[PDB]
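Accompanying notes for the structure given below.
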Amino acid sequence: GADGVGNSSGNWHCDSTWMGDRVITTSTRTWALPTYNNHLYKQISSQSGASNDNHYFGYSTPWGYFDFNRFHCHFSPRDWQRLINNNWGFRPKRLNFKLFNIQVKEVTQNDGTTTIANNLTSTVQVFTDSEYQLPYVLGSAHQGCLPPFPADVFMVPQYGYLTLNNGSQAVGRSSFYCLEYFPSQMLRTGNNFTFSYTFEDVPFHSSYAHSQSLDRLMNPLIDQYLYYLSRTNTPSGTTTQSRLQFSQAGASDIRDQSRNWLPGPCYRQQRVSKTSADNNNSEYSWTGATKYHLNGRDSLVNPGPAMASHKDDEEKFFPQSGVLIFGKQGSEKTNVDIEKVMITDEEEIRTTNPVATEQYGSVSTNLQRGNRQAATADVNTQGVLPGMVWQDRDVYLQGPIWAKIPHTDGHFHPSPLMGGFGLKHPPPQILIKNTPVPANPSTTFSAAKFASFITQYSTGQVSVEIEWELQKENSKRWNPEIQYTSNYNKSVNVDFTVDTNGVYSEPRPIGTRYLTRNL
Amino acid sequence: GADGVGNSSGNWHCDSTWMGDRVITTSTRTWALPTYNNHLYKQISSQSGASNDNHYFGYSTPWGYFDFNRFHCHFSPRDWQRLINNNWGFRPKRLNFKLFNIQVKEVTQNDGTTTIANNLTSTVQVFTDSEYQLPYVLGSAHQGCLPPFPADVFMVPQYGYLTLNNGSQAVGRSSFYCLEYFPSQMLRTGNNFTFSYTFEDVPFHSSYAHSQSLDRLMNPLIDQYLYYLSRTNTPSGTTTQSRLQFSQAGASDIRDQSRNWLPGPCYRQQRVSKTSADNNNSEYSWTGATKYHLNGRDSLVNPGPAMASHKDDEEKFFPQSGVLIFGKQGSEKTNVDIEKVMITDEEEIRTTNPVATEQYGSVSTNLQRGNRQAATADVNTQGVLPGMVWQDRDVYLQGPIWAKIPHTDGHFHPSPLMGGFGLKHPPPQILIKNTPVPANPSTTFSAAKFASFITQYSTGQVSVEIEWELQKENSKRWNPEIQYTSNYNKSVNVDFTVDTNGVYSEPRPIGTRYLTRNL
Amino acid sequence: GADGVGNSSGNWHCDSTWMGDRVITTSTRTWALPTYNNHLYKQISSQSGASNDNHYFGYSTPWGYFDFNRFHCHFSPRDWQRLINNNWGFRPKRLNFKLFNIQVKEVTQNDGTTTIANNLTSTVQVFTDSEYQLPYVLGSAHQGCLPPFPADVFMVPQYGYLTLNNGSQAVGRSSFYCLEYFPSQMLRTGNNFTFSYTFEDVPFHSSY
């Protein structure tokens with residue numbers, strides 16, 4: 001699209017409509033973009049000394065990108081609630097994007113006095129990496145997505161990436177991608193950039209919780225017909241004499257019943273409690289946390305494989321890195337106290353996946369014989385096994401929406417671990433930069449790189465609309481399901497509202513599983 | 001096909017052409033075939049005493065088979081190089097085979113003097129087991145495939161197989177397949193045997209190395225928004241008092257960052273070093289090597305599941321059985337010294353799969369509390385887990401090309417472990433035998449089995465052409481990729497050449513990953 | 001072309017005719033071919049010490065080649081004379097080649113006594129490097145072309161070539177061409193191999 005200077009390049013679309021089966025969440029926000037790295041690509045690396053587990057090598061670019069991989073960039077409390085309360089599941093189908101009403105300003109810091117003014121002509125160029133030839137950054141839970149609250153103006157993030165490294169230094173194989181080596185489209189004012197995408201058949205996120213659970217799944221009333229090993233030894237006057245007898249598992253017997261499927265896999269996490277007291281006093285934050293390691297650098301295992309966060313009656317506990325944790329609007333960056341964060345809870349799964357903090361089961365160790373007692377041992381890490389079945393990490397309104405499946409020789413069940421939809425070809429990276437403006441050059445020629453540009457930034461609005469599909473409920477469940485509600489009682493502030501000084505804020509994390517489906 | 005005696009049953013096709021997307025490697029070689037087991041099927045078994053882990057039972061047949069399950073039976077250094085240097089990947093599509101110019105000779109060892117001459121009439125019969133009713137031997141890394149070097153004449157291997165066994169003895173279930181119970185086609189001279197095959201949709205072998213790596217994958221510039229557990233206890237005058245505080249992972253924080261996918265699986269191997277010194281002195285060749293075991297016989301775990309062979313700066317090490325090892329042209333059969341072999345290296349993977357010699361990660365053990373320190377333990381064997389992603393063993397010019405997927409109730413990701421393409425219905429076994437020639441029988445009848453045949457063998461050439469598909473490169477990588485080159489400096493002998501006495505020889509193993517794709 | 005065992009795969013053409021403007025010199029000769037380097041490619045180099053101006057590095061092949069880059073393989077004194085006496089100049093235009101009546105023998109040196117006999121089946125394979133992907137040796141004034149005199153039987157030369165070298169040793173850039181990496185056509189007896197060529201506009205040799 002194209003037009004004039006006194007012509008709005010696009011209108012403001014920010015609705016949300018439900019169609020019974022679909023529902024489209026349109027949404028627009030105003031943004032701003034500075035000139036990063038003063039227009040140059042800069043090489044960047046870990047700090048020489050820095051622990052090995054923390055080295056790196058890569059580049060930062062003068063390019064800034066766009067991102068809305070956060071559910072709340074599309075759903076509004078209320079809306080989300082609608083969804084989350086009457087749908088067995090849902091998934092994204094297609095999207096449409098558009099930047100417009102772009103405007104380029106140029107600040108002038110003459111002595112003790114700045115003065116911003118329109119640089120009409122100068123441009124901002126955009127380009128979408130629709131061929132995925134660029135290090136996909138999104139999906140890395142970074143923060144600089146869209147504001148949950150419309151009215152909020154925002155700054156565009158700067159693109160940076162990482163290649164290979166042998167400590168703080170580069171290794172040859174590492175590649176250096178240059179963003180100008182693409183065909184950016186250049187916008188001036190009166191210019192807009194639209195583009196549209198279509199998702200790929202993915203599974204509806206399961207937005208329901210299970211009423212039955214693996215173990216308790218058969219019918220009480222009837223005993224099976226298969227037998228199991230009831231007792232081993234037997235009374236012989238005073239002493240026992242080994243004599244194995246078997247029984248037919250019934251209701252009273254349950255624990256012993258024969259089955260057909262196994263809980264999901266696991267990778268044991270340390271348990272910490274919301275109650276300061278209980279927790280051993282010391283620094284096992286890193287030392288005790290569950291991790292894995294590549295090329296000799298141990299990394300953390302955050303968002304561990306999807307597994308319930310606490311047994312019955314222990315909402316007080318949680319994994320050291322088995323859950324998602326968001327900050328309460330305002331919460332500072334580092335070492336903030338428990339009271340400043342919102343920890344997610346995944347009890348809803350208990351029913352199928354193991355509890356993060358407790359071992360999977362316990363396999364037998366030795367082979368018993370008359371002169372040898374029967375061994376056994378608990379298992380803290382069980383990789384996928386036939387017959388296992390499980391549930392993936394719920395979603396949360398202010399959580400990630402999707403993530404790119406890495407291009408590898410092999411993947412195994414790609415639901416992104418941080419939760420979300422695992423996409424092979426996700427929404428392409430959208431980039432934006434401000435074509436430089438060489439400030440006054442010298443009369444006599446010089447072949448040096450230009451270094452003195454006009455100080456200036458851009459701004460303008462952006463809009464994103466997405467169509468989601470739904471799987472409606474359908475249970476013959478007689479008694480009421482659970483629903484997500486807002487507290488009745490009076491409060492000094494409404495949840496998901498602007499305070500007295502107009503600061504919007506999300507009180508709690510809102511999950512997705514409320515409706516109840518049987519297993 | 002058919003014709004006369006003074007008529008070449010086929011010409012010599014040994015080209016190789018590239019078409020931009022495909023590339024066909026035609027190739028012909030001269031061969032020779034003796035008469036095995038003096039024409040009879042012989043029962044064969046382990047040696048009574050022999051360690052249990054080494055028993056067996058099966059048969060050897062008078063039949064010899066054909067095989068080219070080695071990349072170099074089709075690619076020529078140069079060619080291979082072309083491929084390997086400009087292609088994100090490739091795979092086989094179809095093939096065509098033909099035997100021809102068959103000729104049957106008959107030696108005469110009269111006293112101190114042999115004398116070979118043409119037995120025109122007598123025949124050689126061939127037959128392809130296109131229904132896979134015969135124990136698929138190929139794929140077992142046996143040696144008797146085609147000569148890498150054209151000019152080389154070769155001997156055809158003899159077919160043998162193995163069934164069940166209870167120690168050195170047979171067990172009933174074990175089957176005994178007889179090769180005459182097939183409809184062999186019989187060739188006399190002037191007769192040729194052609195046949196063609198078509199591969200099945202398989203995945204292009206990934207012939208590229210990764211520039212990013214799981215851990216270092218997100219964007220440096222921006223800190224995430226999810227929080228993790230920064231510290232546990234806290235300064236209380238003199239003493240610490242447990243007080244968990246959380247932080248928002250940033251660049252400096254990296255190791256702690258939240259992610260979305262896990263390294264490939266693992267099965268720990270012992271580390272040995274190319275440097276004699278380091279290595280503990282003793283015999284842990286078997287005792288210390290990683291293995292598994294069926295029906296009480298521990299077998300070795302060679303070509304362990306695909307996993308990088310050494311961390312940064314340790315090209316000197318390697319798994320005890322985690323790598324492929326070829327002999328330097330000439331190297332004898334047993335206990336040959338390190339200097340006689342070429343060990344493959346899979347550093348290229350590091351980026352996704354764990355290091356063979358070092359544990360996967362470390363899960364937590366106990367549940368901590370005030371009166372209990374936080375436990376933890378390293379994991380040396382991790383079975384596939386959701387979110388895991390990885391790369392398969394590279395290929396190597398002189399490596400296997402494919403392998404038959406065993407007919408079972410269940411497989412999991414069939415890329416053959418020794419590397420190659422996992423095929424459900426691979427190129428059918430091709431067999432060949434020389435119809436016997438009863439040497440002079442007695443005038444008076446006898447119903448005994450004939451035992452005195454004419455001494456004779458066969459020869460003639462064989463040709464195999466195969467069409468491979470390619471996936472061309474396509475990265476916006478600015479700086480140069482790595483390529484495979486031959487050393488500039490002078491040398492007494494060219495690599496992949498015949499020495500002074502015309503002995504072709506492959507200097508080093510050549511992999512496949514050189515081109516660099518992002519993760 | 002193809003046929004049987006008791007069938008001459010080609011006749012003997014050895015004429016020479018003048019047409020006023022053209023003149024065609026046909027010519028046939030009998031030849032023989034051993035098995036070189038006992039069937040293998042052998043690496044070859046100057047003799048370590050040997051003056052520098054005389055070092056080299058290259059290979060010898062089990063392959064033998066054909067050559068008639070000598071005017072007398074086509075002209076007969078007399079003929080040549082005709083030409084040479086009444087023509088301001090001349091040049092070649094096209095050619096046609098054919099091998100035939102191929103026969104493979106096999107000697108038997110049993111003790112103090114050899115005995116040659118027909119190995120009917122076995123073959124001889126031929127192939128023309130029509131894409132010039134092989135080190136062009138001919139033109140190097142080598143000797144093993146055709147006999148000037150028809151009646152003369154001859155032996156076929158063996159193919160060998162030279163690459164780069166840093167003294168008596170090889171240098172990487174040097175290439176090693178393998179003759180089997182071509183699609184040889186295989187002849188058995190009763191088999192013939194013909195092929196034809198066409199020269200390119202060149203200047204008449206000034207014969208005045």
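Labels used: A, B, ... for chains in the order of the structure tokens, numbers from 1 for residues in each chain, and numbers from 1 for ligands as shown.
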
Skipping near chain neighbours, those fewer than 5 positions away, what residues fall within 6 Å of stretch 124-137 of chain C using only C-alpha atoms, listed as an mmCIF file with N, CA, C and O atoms, in the first residue's frame?
data_model
loop_
_atom_site.group_PDB
_atom_site.id
_atom_site.type_symbol
_atom_site.label_atom_id
_atom_site.label_comp_id
_atom_site.auth_asym_id
_atom_site.auth_seq_id
_atom_site.Cartn_x
_atom_site.Cartn_y
_atom_site.Cartn_z
ATOM 1 N N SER C 184 33.513 -47.032 -21.033
ATOM 2 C CA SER C 184 34.116 -47.783 -22.096
ATOM 3 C C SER C 184 33.041 -48.630 -22.775
ATOM 4 O O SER C 184 32.022 -48.985 -22.159
ATOM 5 N N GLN C 185 33.191 -48.864 -24.069
ATOM 6 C CA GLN C 185 32.255 -49.762 -24.712
ATOM 7 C C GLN C 185 33.047 -51.081 -24.744
ATOM 8 O O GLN C 185 34.228 -51.084 -25.044
ATOM 9 N N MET C 186 32.402 -52.199 -24.425
ATOM 10 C CA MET C 186 33.066 -53.508 -24.418
ATOM 11 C C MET C 186 32.825 -54.369 -25.637
ATOM 12 O O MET C 186 31.691 -54.690 -25.973
ATOM 13 N N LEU C 187 33.907 -54.728 -26.310
ATOM 14 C CA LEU C 187 33.790 -55.571 -27.485
ATOM 15 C C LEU C 187 34.250 -56.973 -27.199
ATOM 16 O O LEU C 187 35.181 -57.171 -26.440
#

- Pull out every residue of chain C that has at least one atom within 9 Å of chain B, counting only C-alpha atoms, and report them as an MDAnalysis selection string. chainID C and resid 2:5 37 39:45 59 108 110:111 119:123 125 165:166 168:176 178:191

Sort by chain and increasing residue number a table of all residues of chain B within 6 Å of chain A, each with its closest pair of atoms and their distance in Å to one decimal, counting only C-alpha atoms, and write it as a tab-separated table.
residue	atom	partner	partner_atom	distance
B:211	CA	A:174	CA	5.0
B:212	CA	A:163	CA	4.8
B:218	CA	A:140	CA	5.2
B:219	CA	A:161	CA	4.9
B:221	CA	A:160	CA	5.9
B:223	CA	A:142	CA	5.9
B:224	CA	A:142	CA	3.8
B:225	CA	A:143	CA	5.2
B:226	CA	A:326	CA	5.3
B:227	CA	A:325	CA	5.2
B:230	CA	A:335	CA	5.8
B:231	CA	A:285	CA	5.5
B:232	CA	A:283	CA	5.4
B:233	CA	A:282	CA	5.0
B:241	CA	A:281	CA	5.9
B:242	CA	A:281	CA	4.3
B:245	CA	A:337	CA	4.5
B:246	CA	A:335	CA	4.6
B:247	CA	A:334	CA	4.1
B:248	CA	A:333	CA	5.4
B:254	CA	A:54	CA	5.8
B:255	CA	A:299	CA	4.7
B:256	CA	A:300	CA	5.2
B:258	CA	A:302	CA	4.8
B:260	CA	A:417	CA	4.4
B:311	CA	A:295	CA	4.8
B:350	CA	A:295	CA	5.8
B:354	CA	A:294	CA	5.6
B:360	CA	A:292	CA	5.6
B:361	CA	A:292	CA	3.3
B:362	CA	A:291	CA	5.5
B:363	CA	A:290	CA	4.7
B:364	CA	A:269	CA	5.4
B:367	CA	A:271	CA	5.8
B:369	CA	A:280	CA	4.7
B:370	CA	A:280	CA	3.7
B:374	CA	A:288	CA	5.8
B:383	CA	A:383	CA	4.3
B:384	CA	A:383	CA	5.2
B:385	CA	A:383	CA	5.2
B:386	CA	A:413	CA	5.3
B:387	CA	A:414	CA	5.3
B:388	CA	A:412	CA	5.8
B:389	CA	A:411	CA	4.3
B:390	CA	A:410	CA	5.2
B:391	CA	A:409	CA	4.7
B:475	CA	A:133	CA	5.9
B:477	CA	A:177	CA	4.9
B:478	CA	A:177	CA	5.5
B:519	CA	A:406	CA	5.7

- Message: Just the number, please: distance in Å from atom CA of residue C:148 to atom CA of residue C:104, one decimal.
- Response: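 These atoms are spaced 25.4 Å apart.
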
- Rounded to one decimal in Å, what is the spacing between atom CA of residue B:401 and atom CA of residue B:75?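 The value is 11.5 Å.
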
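Secondary structure from DSSP on the backbone puts alpha helix (DSSP H) at the following positions of chain C: residues 77, 78, 79, 80, 81, 82, 83, 84 and 85 of chain C.
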
Selection from above, N, CA and C atoms, as a PDB file, in the first residue's frame, can you write it?
ATOM      1  N   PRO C  77      54.003 -42.607 -50.390  1.00  0.00           N
ATOM      2  CA  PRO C  77      54.948 -41.879 -51.210  1.00  0.00           C
ATOM      3  C   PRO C  77      54.255 -41.336 -52.398  1.00  0.00           C
ATOM      4  N   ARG C  78      54.032 -42.188 -53.379  1.00  0.00           N
ATOM      5  CA  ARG C  78      53.377 -41.766 -54.589  1.00  0.00           C
ATOM      6  C   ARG C  78      52.282 -40.756 -54.307  1.00  0.00           C
ATOM      7  N   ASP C  79      51.261 -41.182 -53.605  1.00  0.00           N
ATOM      8  CA  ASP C  79      50.188 -40.257 -53.300  1.00  0.00           C
ATOM      9  C   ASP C  79      50.679 -38.907 -52.830  1.00  0.00           C
ATOM     10  N   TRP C  80      51.366 -38.906 -51.709  1.00  0.00           N
ATOM     11  CA  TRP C  80      51.917 -37.676 -51.178  1.00  0.00           C
ATOM     12  C   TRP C  80      52.454 -36.812 -52.317  1.00  0.00           C
ATOM     13  N   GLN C  81      53.250 -37.435 -53.189  1.00  0.00           N
ATOM     14  CA  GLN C  81      53.862 -36.776 -54.358  1.00  0.00           C
ATOM     15  C   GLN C  81      52.812 -36.100 -55.182  1.00  0.00           C
ATOM     16  N   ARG C  82      51.730 -36.803 -55.482  1.00  0.00           N
ATOM     17  CA  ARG C  82      50.686 -36.173 -56.277  1.00  0.00           C
ATOM     18  C   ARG C  82      50.322 -34.865 -55.667  1.00  0.00           C
ATOM     19  N   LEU C  83      49.929 -34.935 -54.407  1.00  0.00           N
ATOM     20  CA  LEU C  83      49.488 -33.794 -53.621  1.00  0.00           C
ATOM     21  C   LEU C  83      50.470 -32.677 -53.701  1.00  0.00           C
ATOM     22  N   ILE C  84      51.588 -32.940 -53.056  1.00  0.00           N
ATOM     23  CA  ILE C  84      52.709 -32.045 -52.931  1.00  0.00           C
ATOM     24  C   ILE C  84      53.199 -31.387 -54.234  1.00  0.00           C
ATOM     25  N   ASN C  85      52.890 -31.990 -55.377  1.00  0.00           N
ATOM     26  CA  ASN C  85      53.356 -31.435 -56.649  1.00  0.00           C
ATOM     27  C   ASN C  85      52.366 -30.513 -57.362  1.00  0.00           C
TER      28      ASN C  85
END

- Enumerate the residues of stretch 249-420 of chain A with a DSSP assignment of strand (DSSP E), computed from the backbone, and present them as a VMD selection string. chain A and resid 266 to 267 271 to 273 291 to 294 297 to 300 317 to 319 325 to 327 336 to 337 341 to 343 361 to 363 377 to 379 381 to 382 402 to 404 410 to 411

With C-alpha atoms kept, could you save the residues just selected as a PDB file, in the first residue's frame?
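Output below, filename part_21.pdb:
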ATOM      1  CA  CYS A 266      10.003 -37.373  34.752  1.00  0.00           C
ATOM      2  CA  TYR A 267      13.225 -35.585  35.753  1.00  0.00           C
ATOM      3  CA  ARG A 271      11.237 -29.027  46.459  1.00  0.00           C
ATOM      4  CA  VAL A 272      11.053 -25.599  48.005  1.00  0.00           C
ATOM      5  CA  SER A 273       8.212 -24.190  50.037  1.00  0.00           C
ATOM      6  CA  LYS A 291      20.250 -29.336  35.111  1.00  0.00           C
ATOM      7  CA  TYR A 292      21.768 -30.914  31.974  1.00  0.00           C
ATOM      8  CA  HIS A 293      24.947 -30.184  30.069  1.00  0.00           C
ATOM      9  CA  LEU A 294      26.316 -29.675  26.510  1.00  0.00           C
ATOM     10  CA  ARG A 297      28.650 -26.167  30.154  1.00  0.00           C
ATOM     11  CA  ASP A 298      25.910 -27.146  32.538  1.00  0.00           C
ATOM     12  CA  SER A 299      22.786 -25.166  31.752  1.00  0.00           C
ATOM     13  CA  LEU A 300      19.684 -24.973  33.893  1.00  0.00           C
ATOM     14  CA  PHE A 317       5.500 -26.378  47.676  1.00  0.00           C
ATOM     15  CA  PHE A 318       7.055 -26.333  44.244  1.00  0.00           C
ATOM     16  CA  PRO A 319       9.957 -27.296  42.009  1.00  0.00           C
ATOM     17  CA  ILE A 325       7.152 -17.480  37.363  1.00  0.00           C
ATOM     18  CA  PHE A 326       6.020 -14.042  36.421  1.00  0.00           C
ATOM     19  CA  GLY A 327       6.639 -10.732  38.137  1.00  0.00           C
ATOM     20  CA  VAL A 336      13.447  -9.810  44.219  1.00  0.00           C
ATOM     21  CA  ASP A 337      11.568 -11.376  47.108  1.00  0.00           C
ATOM     22  CA  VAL A 341       6.353 -12.765  42.050  1.00  0.00           C
ATOM     23  CA  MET A 342       3.504 -14.953  40.885  1.00  0.00           C
ATOM     24  CA  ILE A 343       4.341 -18.588  40.696  1.00  0.00           C
ATOM     25  CA  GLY A 361       8.387 -45.173  40.824  1.00  0.00           C
ATOM     26  CA  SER A 362      10.813 -47.756  42.057  1.00  0.00           C
ATOM     27  CA  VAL A 363      12.274 -50.633  40.158  1.00  0.00           C
ATOM     28  CA  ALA A 377      15.327 -48.648  44.395  1.00  0.00           C
ATOM     29  CA  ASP A 378      13.514 -45.408  43.583  1.00  0.00           C
ATOM     30  CA  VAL A 379      13.854 -43.816  40.131  1.00  0.00           C
ATOM     31  CA  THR A 381      14.603 -39.921  35.961  1.00  0.00           C
ATOM     32  CA  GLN A 382      12.449 -41.937  33.614  1.00  0.00           C
ATOM     33  CA  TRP A 402       4.367 -20.569  20.445  1.00  0.00           C
ATOM     34  CA  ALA A 403       7.862 -21.525  19.535  1.00  0.00           C
ATOM     35  CA  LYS A 404       9.889 -22.684  16.581  1.00  0.00           C
ATOM     36  CA  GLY A 410      15.068 -35.645  15.195  1.00  0.00           C
ATOM     37  CA  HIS A 411      12.458 -34.282  17.603  1.00  0.00           C
TER      38      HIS A 411
END

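Pairwise distance (atom CA of residue C:102, atom CA of residue C:193) equals 9.6 Å.
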
- Message: Need the shell around residue C:92: protein/DNA/RNA residues with any atom at most 10 Å away, counting only C-alpha atoms. Skip same-chain ones fewer than 4 positions apart. Format as JSON, numbers by chain?
- Response: {"C": [22, 23, 24, 198, 199, 200, 201, 202, 203, 204, 205]}

Near stretch 452-456 of chain A, counting only C-alpha atoms, which residues have an atom at most 12 Å away, once you skip same-chain residues fewer than 5 positions from it, shown as a JSON list (two decimals) with C-alpha atoms, in the first residue's frame?
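So selection-v2.json came out as:
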[["chain", "number", "residue", "atom", "x", "y", "z"],
["A", 32, "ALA", "CA", 8.61, 3.83, 18.91],
["A", 33, "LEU", "CA", 12.00, 2.92, 17.44],
["A", 34, "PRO", "CA", 15.44, 4.51, 18.22],
["A", 35, "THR", "CA", 18.60, 3.96, 16.30],
["A", 36, "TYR", "CA", 20.50, 1.11, 17.85],
["A", 38, "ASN", "CA", 24.41, 3.95, 16.43],
["A", 39, "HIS", "CA", 23.70, 2.18, 13.13],
["A", 40, "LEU", "CA", 26.36, -0.52, 13.28],
["A", 103, "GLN", "CA", 6.47, 8.89, 11.25],
["A", 104, "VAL", "CA", 10.13, 9.88, 11.45],
["A", 105, "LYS", "CA", 11.23, 12.57, 13.86],
["A", 106, "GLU", "CA", 14.62, 14.14, 14.43],
["A", 107, "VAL", "CA", 15.76, 15.45, 17.71],
["A", 108, "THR", "CA", 18.12, 18.42, 18.01],
["A", 109, "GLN", "CA", 20.11, 18.76, 21.25],
["A", 110, "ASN", "CA", 21.39, 22.28, 20.63],
["A", 114, "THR", "CA", 16.50, 19.53, 22.62],
["A", 115, "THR", "CA", 13.92, 20.06, 19.87],
["A", 116, "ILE", "CA", 12.20, 17.29, 18.03],
["A", 117, "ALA", "CA", 10.84, 17.86, 14.55],
["A", 118, "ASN", "CA", 9.54, 15.86, 11.49],
["A", 119, "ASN", "CA", 12.04, 14.59, 8.99],
["A", 120, "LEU", "CA", 9.26, 13.91, 6.53],
["A", 122, "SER", "CA", 13.72, 10.05, 5.71],
["A", 123, "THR", "CA", 12.62, 6.45, 5.99],
["A", 124, "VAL", "CA", 12.16, 3.40, 8.07],
["A", 433, "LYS", "CA", 15.43, -0.17, 11.06],
["A", 434, "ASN", "CA", 15.74, 3.49, 10.23],
["A", 435, "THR", "CA", 17.69, 4.05, 7.03],
["A", 436, "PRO", "CA", 20.58, 6.28, 8.25],
["A", 437, "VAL", "CA", 20.79, 9.99, 7.64],
["A", 438, "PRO", "CA", 24.41, 11.23, 6.97],
["A", 439, "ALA", "CA", 24.65, 14.50, 8.69],
["A", 440, "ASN", "CA", 26.58, 17.19, 6.83],
["A", 441, "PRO", "CA", 29.67, 15.81, 4.92],
["A", 442, "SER", "CA", 32.85, 17.62, 4.18]]
